[PDB]
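Novice: Give me a 3D structure for the following:
(chains A, B and C)
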Amino acid sequence: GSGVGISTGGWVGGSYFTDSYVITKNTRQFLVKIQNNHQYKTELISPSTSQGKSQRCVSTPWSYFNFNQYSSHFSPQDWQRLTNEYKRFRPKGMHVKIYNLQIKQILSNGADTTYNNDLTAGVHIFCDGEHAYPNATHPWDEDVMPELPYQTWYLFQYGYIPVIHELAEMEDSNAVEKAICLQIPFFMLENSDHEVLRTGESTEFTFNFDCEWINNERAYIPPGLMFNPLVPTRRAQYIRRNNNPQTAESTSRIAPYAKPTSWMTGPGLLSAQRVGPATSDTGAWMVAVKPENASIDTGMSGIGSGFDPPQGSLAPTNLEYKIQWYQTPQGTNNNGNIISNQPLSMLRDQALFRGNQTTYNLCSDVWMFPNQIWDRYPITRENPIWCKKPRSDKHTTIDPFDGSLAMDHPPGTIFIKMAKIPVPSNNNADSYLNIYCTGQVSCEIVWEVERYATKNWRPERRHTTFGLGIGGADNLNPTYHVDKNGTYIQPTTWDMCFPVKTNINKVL
Amino acid sequence: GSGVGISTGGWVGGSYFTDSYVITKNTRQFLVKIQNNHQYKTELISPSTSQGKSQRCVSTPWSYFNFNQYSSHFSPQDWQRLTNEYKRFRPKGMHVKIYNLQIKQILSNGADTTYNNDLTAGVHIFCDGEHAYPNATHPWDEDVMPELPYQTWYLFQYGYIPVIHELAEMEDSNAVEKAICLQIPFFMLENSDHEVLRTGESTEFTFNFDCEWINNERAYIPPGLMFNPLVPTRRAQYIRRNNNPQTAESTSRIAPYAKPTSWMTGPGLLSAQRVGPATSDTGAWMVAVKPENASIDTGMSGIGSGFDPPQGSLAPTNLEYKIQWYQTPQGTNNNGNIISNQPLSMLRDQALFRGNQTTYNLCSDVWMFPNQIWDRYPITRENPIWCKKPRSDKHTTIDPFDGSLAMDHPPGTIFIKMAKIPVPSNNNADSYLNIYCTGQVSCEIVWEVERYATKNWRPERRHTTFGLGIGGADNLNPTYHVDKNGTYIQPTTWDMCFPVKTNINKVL
Amino acid sequence: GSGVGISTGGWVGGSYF
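Specialist: Numbers count the residues shown, from 1 in each chain, chains lettered A, B, ... in the order given. For reference, the structure is listed below:
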């Protein structure tokens, strides 16, 4: 059948797990709220603390689906079934279905509320196959899908930064900031066509990934530690005159153990320190722009973006480089707040010393160098799956230090809006009918997956629940589980979330 | 046709009765209430009386259909048509249909209520073919289908015990109860996919049974009483010196009557007595666990489950072993309260004596023994049809003492939920739209049935209404019948409900 | 070949899964 009163599609989920691939299926309940009236504005965000960056941005009536995270697509068991049982995996494809839509027509008699349901109403649904438009999705952000099904999924408003607020602020003069103010592009999702849906209708979307593997594997030794220490080496060490304390120059054969190596450590930036008060964008490395004239307020600050984490690789000094996240919107300064940790993988730590003719002294920087090896960030269940690689003429190796992934075309963000229904007036307008939509997204994605075999004699390592710990309310219930009170207990610190790359082994 | 305004299926019922099989058909009106918001929690049930067991359990938004009982599928005449006319029967198959759904959208203006009906709403319906998930159905419980049609059927919330509350309580220390607390599984019905239904849609489910016959038959003599008492026997009795009072040892031939037998009595446990106050789970036999360390509060109690009835077989001493049930939720301590009784079948009673060299003394226990014969509990119209045999490596004969049946895969429990419809807010959430579902289940099950023939000359026995008695309001109306006032009069004590195994006969 | 000086079979192991 078809029409109102006939559901379009059913609920879906439960994953799969075949040796060659893993099919994860998920379904949600969402609602679209009519953000920002239906008009756009700009909003010039800022806190005040007027010294802040005060990015101008743009607001839109649209809301969007963010599917990017692992904890959305994998249950704590599905994750840890692949983290234990497979070398590597990458998402092969993605299939999304909007269906079972509802338009409920908010009413207010004062106080209270009433919902009359509705028919003869519509919902705009738009997808990016070209990745035109500023593509809201940023790897970390918030939201994505609730890691836990049955939990309704509130969409978030779509917005974008047209241009840096400073540089076009603009200060008196200028014509250097007059341009870059004149050139700010203005994007609208109306433009390119898109589907409207009443209740009985649904929509599907597919995606394919040109995508790099993410490897769950562990190097038990540094790459420079690979050699037979029993066998002597043919090589020699000349050592300069020490010039205090003592021990004039001599040449000698390199010991059989501790043979020299190629294979430099991976790059990192360790020298900087985060600058100034919070909410001011303290990154310790600001990329900025600095056009030749322009004009600039206090800052630095205040222009450009903080680079985080430096690192990458190159084991950090203190917590300041160690990433962090709250895994919860209610998270206060210290609460939630699980902090990244070392995988104990040997790749992946990578100091560098140089110096002194007397002592070794850990060195800041370590830029790119020909023989370098590093290991991509071990990630974890809480991480974003992908990140969009911005289109540009030239680029280097492209390894994001957030883990995640880089793709020319990631999954196109699916945008959805409430289809303004106006109402007559004398003035006339601006007035509209207050409605919201509700429905079910099913994100079914296929994962290219590869299973591990090794010649190691020893048991290696897995992810037990014993890394997990008890929490919530009265302490009862362990970790991934409901409260009484039921509130899903969040995993506390890093090992709870079970990172890949801490298990198996690989001969380098 | 199709869609709203076209009923999906019609009412069904009236049974069948062919010699080879009996088809019982039933239809109901049910409603799903949105239990437990849509969140799960845990609920740590307990009374207080904090000394109680205080099982933690888990609550779910789901409700389920329990079809397990005889009085649901058989009218008092349909039952007693098979109990009189057939040796044995077992359910062959089962066919269930949800249809004629309605979502009525509860409203409250304060006091009162209003129901706007609704469209563009949905209902989740999920079935277990694999019997993954904890499967709420327990043989006795409550509810099932109302034995009487036209009586609306209120569903009950689905919940399960993740782990024994004690042992993980946990007391200080521990790491023995830390494990078993960490390992508590958490099941969710979202997971595996399931169908959502608007009004116009329906759903069917089928089931097949690998199932043991339940026998309606009567042994007119004990199995050890089978012999020709006229014919002399070749056998002898040596009797030890009596050592007080008198009568020194002698050997003699066994009398022609009262020949010795094989065929030991069925097993039972008669020694124990129920322990302590009610609501504390007094079973007289507690299975428990007792891990080697753990920790334990007062109890025993308090851990594990009471084994009921011991018995089995092995005619009990007092009422304490005799089972009982109230056949009514309104039943107080003594009200309703029909108590099981002896079938007068001879199988099926089974004392055991041993002792003393002087006197025989009824013996407690009687575990399993090679030659034992017992007769499965005679059941009655009020009993559960089946019980799930839990998956385990090893097990013994598997005869449940509740009567009923054991199956690897019983009928998969059908789960149903109200499909949370959220509503927008600032906070935002947690908020949802208040609705309920209403519809018709038709459970049509086929019974493999076998008809009796015998060489007995005499009339045997049947189930008359004369076993029944008058009751309700002013005494008028007999037993299975409406009051004035109309309330279905319940059968009082055991013979009213007409048990199988009290009729026909069988030569052993 | 066959006879002394020709090994009959080789070493084996390593499981499968």
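
Novice: Only C-alpha atoms from now on, for both contacts and neighbour counts.
Specialist: Noted.

Novice: Convert the C-alpha atoms of the longest strand seen in chain A to PDB, please.
Specialist: The longest strand of chain A (DSSP state E) is strand A:86-103. Below are the C-alpha coordinates for strand A:86-103, written out as PDB (Å, rounded to 0.1, in the frame of the first residue of the first chain):
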ATOM      1  CA  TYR A  86      40.600  -7.800  13.000                       C
ATOM      2  CA  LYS A  87      43.800  -6.100  11.800                       C
ATOM      3  CA  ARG A  88      42.200  -3.200   9.900                       C
ATOM      4  CA  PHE A  89      38.900  -1.900   8.700                       C
ATOM      5  CA  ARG A  90      37.600   1.000   6.600                       C
ATOM      6  CA  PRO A  91      34.000   1.900   5.700                       C
ATOM      7  CA  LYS A  92      33.200   0.500   2.300                       C
ATOM      8  CA  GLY A  93      29.800   2.200   1.700                       C
ATOM      9  CA  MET A  94      26.900   3.900   3.400                       C
ATOM     10  CA  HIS A  95      23.100   3.800   2.900                       C
ATOM     11  CA  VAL A  96      20.700   6.200   4.600                       C
ATOM     12  CA  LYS A  97      16.900   6.200   4.700                       C
ATOM     13  CA  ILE A  98      14.600   8.800   5.900                       C
ATOM     14  CA  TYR A  99      11.100   7.400   6.500                       C
ATOM     15  CA  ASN A 100       8.100   7.300   8.900                       C
ATOM     16  CA  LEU A 101       7.900  11.100   8.900                       C
ATOM     17  CA  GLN A 102       5.500  13.000  11.000                       C
ATOM     18  CA  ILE A 103       4.500  16.700  11.100                       C
END
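
Novice: The residue in the stretch 101-250 of chain A positioned nearest to chain B: neighbour count?
Specialist: The nearest approach of the stretch 101-250 of chain A to chain B comes at residue A:102, 6.0 Å away (C-alpha to the nearest C-alpha). By the criterion of other C-alpha atoms under 10 Å in any protein chain shown, residue A:102 has 27 neighbours.

Novice: Now do the contacts for it.
Specialist: Counting by C-alpha atoms under 8 Å, 6 or more residues apart in numbering or on different chains, residue A:102 touches A:117-118, A:199, A:436-439, B:120-121.

Novice: Which of the residues you listed ranks first by neighbour count?
Specialist: residue B:121 (28 neighbours).

Novice: Pretty sure that residue sits against residue B:101.
Specialist: No - the criterion here is C-alpha atoms under 8 Å, and residue B:121 misses it with residue B:101 at 10.4 Å.

Novice: hey, what's in contact with both of those two?
Specialist: B:198-199.

Novice: tell me the SS of residue A:165?
Specialist: What DSSP: H, G, I helix; E, B strand; the rest coil gives for residue A:165 is coil.

Novice: What's the local residue count around the nearest residue to residue A:400 once chain neighbours are set aside?
Specialist: Among residues not flanking residue A:400 along the chain, residue A:406 sits closest, at 7.2 Å (C-alpha to C-alpha, 6 or more residues apart in numbering or on different chains). By other C-alpha under 10 Å, 19 other residues sit near residue A:406.
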